[PDB]
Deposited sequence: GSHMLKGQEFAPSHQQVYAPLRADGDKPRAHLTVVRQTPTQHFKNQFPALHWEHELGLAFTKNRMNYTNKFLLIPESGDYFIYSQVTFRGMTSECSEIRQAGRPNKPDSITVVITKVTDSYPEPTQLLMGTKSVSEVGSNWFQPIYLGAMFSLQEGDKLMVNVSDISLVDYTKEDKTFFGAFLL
């Protein structure tokens, strides 16, 4: 059948390498609501595309701040070019508000992808990502 994955959030291991850079998120790929099937593999922050075609890709990242803005980017990486492609961006300016806020950012769209492409989700600030439960921050893709 068709390549499908729904991935859920885990605790994020805060990396040191970020030169004005948006780090990728780590995902759960088999426990609870998380699954991958039909050659759609999750390894090392990427979702590996096994088969060329049109994919619906989606993610929500819930942010909590206890920062000017918050941003989610879903990114395509290929070996054929050194720079990634930004497929989707959801960026929201953070109101002065009260420094005890939470917000989801949701993205989903359809893209023509190629066998071998890697999909990942990047955030503006990893320490703002709510990782406490699998229903709040997730990432998925399926071949149409």
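In sequence order, the gaps in C-alpha coverage of the deposited chain fall at 1 to 25, 92 to 106.
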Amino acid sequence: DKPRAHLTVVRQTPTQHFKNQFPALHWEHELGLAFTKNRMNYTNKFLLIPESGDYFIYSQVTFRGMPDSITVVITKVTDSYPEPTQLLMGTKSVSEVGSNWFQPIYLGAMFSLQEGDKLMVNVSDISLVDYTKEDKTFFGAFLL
From here on, numbers count along this sequence of modelled residues.
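Remark: stretch with higher mean C-alpha B factor among 106 to 114 and 88 to 96 is 88 to 96.
Relative to one another, 97 to 105 and 115 to 123 have unequal mean CA B-factors, and 97 to 105 is the one with the higher figure. In the PDB entry, a CA B factor belonging to the middle third of its chain's modelled residues is recorded for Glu51. In the deposited entry, the Cα temperature factor of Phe35 sits in the bottom third of values across the chain's modelled residues. Per-chain ranking of the deposited C-alpha B factor places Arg4 in the middle third. Placement of the Cα temperature factor of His29 within the chain: lowest third of the modelled residues, per the deposited record. Per the PDB record, residue ranking by Cα B-factor puts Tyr42 in the middle third of the chain.
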